[PDB]
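Single-structure report; data block below.
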Amino acid sequence: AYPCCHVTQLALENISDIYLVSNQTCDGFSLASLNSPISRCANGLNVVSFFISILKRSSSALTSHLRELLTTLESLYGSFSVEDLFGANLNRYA
Amino acid sequence: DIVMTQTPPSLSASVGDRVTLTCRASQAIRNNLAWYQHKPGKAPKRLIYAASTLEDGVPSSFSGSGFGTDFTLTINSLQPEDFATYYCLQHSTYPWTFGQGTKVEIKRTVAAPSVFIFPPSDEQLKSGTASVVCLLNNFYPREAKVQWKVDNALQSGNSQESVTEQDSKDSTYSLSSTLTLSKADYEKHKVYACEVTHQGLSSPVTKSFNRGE
Amino acid sequence: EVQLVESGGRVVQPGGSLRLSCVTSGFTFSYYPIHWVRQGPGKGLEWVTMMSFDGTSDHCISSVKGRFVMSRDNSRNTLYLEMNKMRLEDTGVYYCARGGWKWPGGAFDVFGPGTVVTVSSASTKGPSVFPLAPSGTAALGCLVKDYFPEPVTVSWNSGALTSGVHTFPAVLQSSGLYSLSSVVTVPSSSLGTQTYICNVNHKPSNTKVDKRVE
Amino acid sequence: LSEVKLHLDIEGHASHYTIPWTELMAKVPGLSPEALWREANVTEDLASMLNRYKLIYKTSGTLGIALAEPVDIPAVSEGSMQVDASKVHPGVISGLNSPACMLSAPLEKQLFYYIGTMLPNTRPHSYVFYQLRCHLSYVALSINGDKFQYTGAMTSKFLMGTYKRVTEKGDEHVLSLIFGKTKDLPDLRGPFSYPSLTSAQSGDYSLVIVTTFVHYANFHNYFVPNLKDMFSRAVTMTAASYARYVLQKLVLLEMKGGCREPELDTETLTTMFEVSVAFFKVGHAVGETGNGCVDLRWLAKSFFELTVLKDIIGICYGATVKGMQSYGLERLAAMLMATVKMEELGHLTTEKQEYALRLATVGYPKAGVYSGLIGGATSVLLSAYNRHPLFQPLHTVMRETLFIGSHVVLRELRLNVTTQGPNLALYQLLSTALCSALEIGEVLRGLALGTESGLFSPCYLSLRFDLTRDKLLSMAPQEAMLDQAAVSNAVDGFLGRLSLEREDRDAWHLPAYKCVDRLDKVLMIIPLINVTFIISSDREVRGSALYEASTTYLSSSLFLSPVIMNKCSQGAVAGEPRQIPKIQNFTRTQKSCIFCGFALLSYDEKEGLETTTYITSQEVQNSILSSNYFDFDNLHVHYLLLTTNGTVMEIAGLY
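Residue numbers (the deposited numbering), protein chains in the order written: chain N, 25 to 33, 40 to 67, 76 to 132; chain O, 1 to 213; chain P, 1 to 135, 142 to 220; chain M, 20 to 674.
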């Protein structure tokens, strides 16, 4: 179970799909699932910024499809509150 | 009005040749000429700016030179994506003017056109108009001459030619010369001929039909 | 990166009016003036007009002088072009490029995609489709005559016949209608057994017709 | 080396997007999403991720209300020759009157040629930043024996100055300031959010502070910038004026006791970053204008300031500028300096003189290739001197004009090679005449108030060495309203600018300098044409003769040794020196230039020398006689006439 998984510290080439949670799905946590076409858990915030930096580095990705993903990722990244990562229970899952 | 005169209007070369484009001004434009590559269907891209400055994101095979009167775009090594039509541009004294442009076809060996002719269709004749179609299939170079002979009378100004772009596999051109007549004038004549003059032909060959065979 | 997008393409009656829009994104708009360049069918590129940095001064080429008015709103980031007394020669594809860059001295960088401008009054009309019958190889085709405006989609055997097909560019007849031909070469031994079918689609009239050729 | 789809929940929408690496990795050469995926510990538990975010200092005082960008680079003058930095072609620009400009596309290439790592993987930065490598320029210094370093790395988009301290142990404390347009800010790595680190944000621009909570405390001991004021100056100031603002702080600190043993205080560290902004604002202004052309008159103005700022930074700190100079602009400026009559440069406009002298410095830096540029600066000084009421404090118009021309001369004095002394000596002589009593008087008031006259005076380069602490105090503004410690500060700083030894920008270039035994006792040298005079309290000067004024039994002595054609004597002439002949048979008005080429010395018996005058033209001499200059009713004051004849004469009365 647990669409909201738990992260603990496989690389990028063997990865195909990545799923991101909403800002209310996991009570503020930004969590992701990396998988091969078998799901591992990833730090959402680290992951989201990676793609955001990938798209930002690619100013020449002038697709209306891709450039809309970047601006949608950015609003997604700001909706999560790491500041609300208080003494919030860090091990709610797995 | 300054007149920009590119030579040549069209030009052919294989992959990796040294291609040189010229463009002359009617007055001095002192160092205010630019070059733009325009693939059909898409947007033009500037290649060179001050007659000299290769501008960013453009492969360095392109170079430009000249002062005042005579300017040059030279692509040092032709690449397949450099098949295009290229225009020079003066911005010295507006109104600004382009050259007529140089299209860069990509070369092939000489090949003669396979010429066919099509009479007006029965379906079309029922509606009172007659169209005679002459086909020139898969020849090189582009330049060709198609005159129509109706009852040995060289017909003037009722034919229109349309040319394919160089086919992607065999680099050949094709041509549709459509001859248009009212059905009235088509029944008054009996010989319909299409005479193709081509560099690849040993002598102009004439394809012909007598009405209804 | 630096995008110029031009949107006001249409069909206009001769002498009428059309308004072009050039939507520029990815850079400081007001610090740049703009230029317009048009390419007529089977003709070279031609500089038409320049919009000044301030926008107060509008300078046009002789053919379009006094007929074109350019208005730019810096907040909108869009340059509007108003065209009056449209002529048949004005027909073509219009492009806008940014030129001046801290402004007076100008030159164009990459343009936008362009927009289609068709100054031809005539009429919405689907084409007439006529077979072109053949006579160790021979060729056959499909005459797609008297439609308006372009384009017309042509395929053979619904796309199952791909080899040796040549669908020509349409020509604008003096009548105002576009005329086009599509042909294909076949091995002569297939003439009786393989069925040859011509698929013509004219979207701007919503007419789709099939044609058997023998 | 694959392709990847990205699915996610958008408030109830099952959206997915497909990012191609087969496309992008080839399409954009700098992208390698493998190292980016490594750079985010994408397996980092939310625990250790929360541990990394907490360590970075966050902005409490985070605001700054909008400021307006000054319009800095001017619109192209109609029909300038928009000209290539790389391809500087002969005779493309015709004259100084010709409108001209270098187009910004390759000029940006030539400024930020240097490449390197902007955001390091050093401890404070790799926690916060996806590491970046950009075309860059940096200003760098190292002091306190390389245990305090500053590094002003910048692109055409943003600047990061970073301070580093060493505690006498292996501990390193690091603090970095990131300044640029808000949109152009680099990519944040972890859960980090830019407002948390933004200390000032106005319209399009931002100022970000990056450091550990440990380190911000360790810098808060000695470094609390007025982050508000720095940000406004970086934003609202034109790039040329900003470089002068910093140039003011350095020179008004250098001659003072500031940067010989630097003080690690708030002000000096504030300036270090402001140096980086000064270069960056110029590079940023060129880069951000887009595919255009930068007016050459702007370039000459702005790159003159950076070139002076580059010098003064070399002398205060062991500092380097790497990547803010284009040889294309330097050849363009140099070629335009073959256009104009260097001998008649001073005849032209206020505006044209400045623009020419700016190009002259920028054209050949490392002065001493074609040494006719000195004569141009000399021509401005001469044409200024005659129209300028002599002895007067030069108003800010002429003073700014002459400061620009002074820099060309100043770098020739650096050299061991003479490079055609004649023009050089005439400049120093004209400077010496301009160093009068109230020239010093206004400068010291200018240093008491930190005003514009504090930067420069022609006296700096003059042949006047009678200047010490005591002499200045007598000539100061007399007002009790002025802080007479800032007056004492001004005297100290002024004398620090023209210390004859360990300055190298006062002496050791003249031909006639060899004829002195004791160089510290020389008060002044008047190099005329066909003769130069050595004014000293030194008896043993190997000159052609020796005059001794009736000085007093107060001042050590007053000797004038004329040196004929700058060829000395075997030994100092022995016996009694010549008496100074007194002259009354001389009529007050002259309609010819009877004093042309002569010098006019005014000396008070107790104080010392007061003014020098060089009779250069008729309007100069008529300005002397007609004015109130000759006051014989003061017997404490005499008037010496130093002739090209080689004679010294006193003026005692006129009709």
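Beta carbons are placed, not taken as given, at the ideal position from N, Cα and C, and that holds for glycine.
Name the DSSP beta bridge partners of residue i, please?
i                     : result
residue 35 (chain P)  : P:50, P:97
residue 171 (chain M) : M:158, M:180
residue 62 (chain O)  : O:75
residue 7 (chain M)   : Lying outside 20 to 674, the shown extent of chain M, residue 7 (chain M) is not represented and no answer is given.
residue 314 (chain M) : M:120
residue 130 (chain O) : O:181
residue 92 (chain P)  : P:117
residue 462 (chain M) : According to DSSP, which records beta bridges pairwise, residue 462 (chain M) is partnered with nothing at all.
residue 661 (chain M) : M:618, M:667
residue 121 (chain O) : Beta-bridge pairing links residue 121 (chain O) to no other residue.
residue 227 (chain M) : M:197, M:217
Compute the beta-carbon to beta-carbon distance between residue i and residue j, rounded to the nearest angstrom, for a pair I have assumed lies under 8 Å.
i                     : j                     : result
residue 256 (chain M) : residue 89 (chain M)  : 7 Å
residue 535 (chain M) : residue 560 (chain M) : 6 Å
residue 668 (chain M) : residue 602 (chain M) : 6 Å
residue 140 (chain P) : residue 46 (chain P)  : In the model as presented, chain P runs from 135 straight to 142, which leaves residue 140 (chain P) without coordinates.
residue 193 (chain O) : residue 149 (chain O) : 4 Å
residue 50 (chain P)  : residue 99 (chain P)  : 7 Å
residue 152 (chain P) : residue 127 (chain P) : 6 Å
So what's residue i in DSSP terms, helix, strand or just coil?
i                     : result
residue 76 (chain P)  : coil
residue 103 (chain O) : strand
residue 179 (chain P) : coil
residue 40 (chain O)  : coil
residue 137 (chain M) : strand
residue 40 (chain M)  : helix
residue 75 (chain M)  : strand
residue 335 (chain M) : helix
residue 394 (chain M) : helix
residue 623 (chain M) : strand
residue 357 (chain M) : coil
residue 131 (chain P) : strand
residue 202 (chain P) : strand
residue 452 (chain M) : helix
residue 78 (chain N)  : strand
residue 56 (chain M)  : helix
Taking 7 Å as the cut-off, does the CB of residue i come closer than this to any heavy atom belonging to the ligand HEM?
i                     : result
residue 160 (chain O) : The ligand content of the structure shown is nil, which means the ligand HEM is not present either.
| Between the segment 133-150 of chain M and the segment 329-337 of chain M, are three or more C-beta pairs nearer than 8 Å? | no
| task | Could you name the residues of the segment 45-59 of chain O whose beta carbon sits closer than 8 Å to any beta carbon of chain M, in the order they occur along the chain? | result | 49, 50, 52, 53, 55, 56
| request: Answer yes if the segment 391-405 of chain M comes into contact with the segment 359-367 of chain M, meaning at least three C-beta pairs across the two stretches below 8 Å, and no otherwise. | output: yes
| Within 7 Å of chain O by C-beta, residues of the segment 42-57 of chain P in sequence order | 44, 45, 46, 47, 50
| query | Counting Cβ pairs closer than 8 Å, one from the segment 10-24 of chain O and one from the segment 83-96 of chain N, do we hit at least three? | reply | no
| What residues in the segment 105-116 of chain M have a beta carbon less than 8 Å from any beta carbon of chain P? | none
| said: Along the segment 308-340 of chain M, where does the CB come closer than 9 Å to a CB of chain P? Name the residues. | reply: 308, 309, 310, 311, 312, 313, 314
| query | the segment 56-72 of chain M: which residues have C-beta closer than 9 Å to a C-beta of chain N, in chain order? | reply | 56, 57, 58, 59, 60, 61, 62, 63, 64, 65, 66, 67, 68, 69, 72
| Any chance the segment 408-417 of chain M sits against the segment 450-457 of chain M, with 3 or more Cβ pairs inside 8 Å? | yes
| query | Can you list, in chain order, the residues of the segment 99-127 of chain P whose Cβ is nearer than 7 Å to any Cβ on chain M? | reply | 101, 102, 103, 104, 105, 109
| Contact set between the segment 22-34 of chain O and chain M, restricted to residues whose Cβ is under 9 Å from the partner | 30, 31, 32
| Are three or more beta carbon pairs between the segment 77-88 of chain M and the segment 150-157 of chain M nearer than 8 Å? | no
| Are at least three pairs of beta-carbons, each pair with one atom in the segment 201-210 of chain O and one in the segment 27-47 of chain P, less than 8 Å apart? | no
| query | Any residues in the segment 344-359 of chain M with a beta carbon nearer than 8 Å to a beta carbon of chain P? Which ones, in chain order? | reply | none
| If you measure beta-carbon to beta-carbon, which residues of the segment 180-208 of chain M are closer than 7 Å to chain N? | 206, 207, 208
| said: Please identify, using Cβ separations under 9 Å, the residues of the segment 20-35 of chain M that lie next to chain N, in order along the chain. | reply: 20, 21, 22, 23, 24, 25, 26, 27, 28, 29, 30, 31, 34, 35
| request: Mind checking the segment 509-536 of chain M against chain O and listing, in chain order, the residues whose C-beta falls within less than 9 Å of any C-beta there? | output: none
| task | Closer than 9 Å, Cβ to Cβ, to anything on chain M: give me those residues from the segment 87-109 of chain N, in chain order. | result | 87, 88, 89, 90, 91, 92, 93, 94, 95, 96, 97, 98, 99, 103, 104, 106, 107
| request: Could you list the residues in the segment 71-98 of chain P with a C-beta less than 9 Å from some C-beta on chain O, going in chain order? | output: 95, 97
| message | Beta carbons nearer than 9 Å to chain P: which residues of the segment 92-105 of chain M have them? | response | 92, 93, 94, 95, 96, 97, 98, 99, 101
| said: Does the contact criterion of 3 or more C-beta pairs under 8 Å hold for the segment 141-148 of chain O versus the segment 159-166 of chain P? | reply: no
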